[PDB]
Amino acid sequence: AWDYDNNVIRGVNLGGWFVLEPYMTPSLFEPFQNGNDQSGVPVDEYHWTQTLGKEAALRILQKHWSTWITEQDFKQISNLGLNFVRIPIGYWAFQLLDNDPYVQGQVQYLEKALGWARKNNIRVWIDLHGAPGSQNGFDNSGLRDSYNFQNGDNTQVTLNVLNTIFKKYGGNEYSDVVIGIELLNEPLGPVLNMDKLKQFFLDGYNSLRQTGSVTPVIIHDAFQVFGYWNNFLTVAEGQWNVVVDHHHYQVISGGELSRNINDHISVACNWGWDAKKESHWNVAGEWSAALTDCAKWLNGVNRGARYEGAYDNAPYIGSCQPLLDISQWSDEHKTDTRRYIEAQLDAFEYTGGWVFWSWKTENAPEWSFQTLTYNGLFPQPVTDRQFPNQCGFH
């Protein structure tokens, strides 16, 4: 239902929908603040649902699920010339561990979204964004500061959840809409056993194909160097319809944040050159317009911004307050943002395409496709260039 050789993905993530992320929907977390004291704010969905209990969690989440993304969003996405969405979902939508605080119900809306996608000629990846015990310790896995995916029976539970996803969404019923199942979002390579992670990817690959599914398998790069995956799941070995998902940001360290705009652009262009050398189909499954980490709680609940020297011993670069509202941005910051967006688009269109993180946020403009588009910073149509040919690809 997609030609990965000839077509280019132009998509957005539907983030914050089925996995809560505080920086994306701060209104769900802010009621737990005690004045300026954030010490009692739950840091992730795990603790949010635990603190509320099953009844309050389900009431609040049903309202969230039913309003955050609707059919009208899918219409707008198509109208903007996008052809694709990536849908993050956590393991808990399908299976709970004993004593898990999570609530269920997300699958109902997942299936509505697949229909809305069909109706609007939009293709989809389903992405297992959170595994039991956490594969990365990020709040976007469900469970912050824990790295237990490879401990105990957590890997086997994850495979069982994937098998459910394979039987439901990897078959004939959705073969016109689903163009990939992503086995696991952002496993944190440096802290994991890479041999065991490869075995997990292979087991998921084989399990899906054994169901009779021809659906592409999407593997996240696990924060490895470009080309690391060139020799894994290869046509030589009879393994086929495999896509590598690279995520690209320049806001996670002080070194990245202190780069001037020209050096930001050079790094973006190089993402394109280097992805082109790889032997698998590859798609930039996450990226954004952010040149700062100023969005409230981007680094986590009760953590500040490296950009203003408020976290992790980072030096002060600039004040975040002026950058929280896009109406307050200087002309220079707007121009830098537009340049950066265009450079990334050119780099990512040089291989399989791109998937912006994310469609919408409550009030974080660097991270909202909608906000950037309405303010003229994201090209519309997406092929428009005010800064043509920054990278010089051929």
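All residue numbers refer to positions in the sequence shown, first residue = 1.
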Highest mean C-alpha temperature factor of the two stretches 276 to 284 and 233 to 241, which is it?
233 to 241
Average Cα temperature factor in the PDB entry - higher stretch of 218 to 226, 251 to 259:
251 to 259
Say you rank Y174, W125, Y205, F138 by Cα B-factor from the PDB entry; which sits at the top?
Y174
If you compare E45, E349, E30, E366, which has the highest Cα B-factor in the entry?
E30
Among modelled residues of the same chain, the CA temperature factor third for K168
highest
Would the CA B-factor of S319 place it in the lowest, middle or highest third of its chain?
middle
Select lowest, middle or highest to describe the third in which the CA B-factor of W329 falls within its chain in this entry.
highest
Of the three thirds of its chain by CA temperature factor, lowest, middle or highest, which one includes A305?
middle
In terms of its chain's C-alpha B-factors, the third that includes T67 is the middle
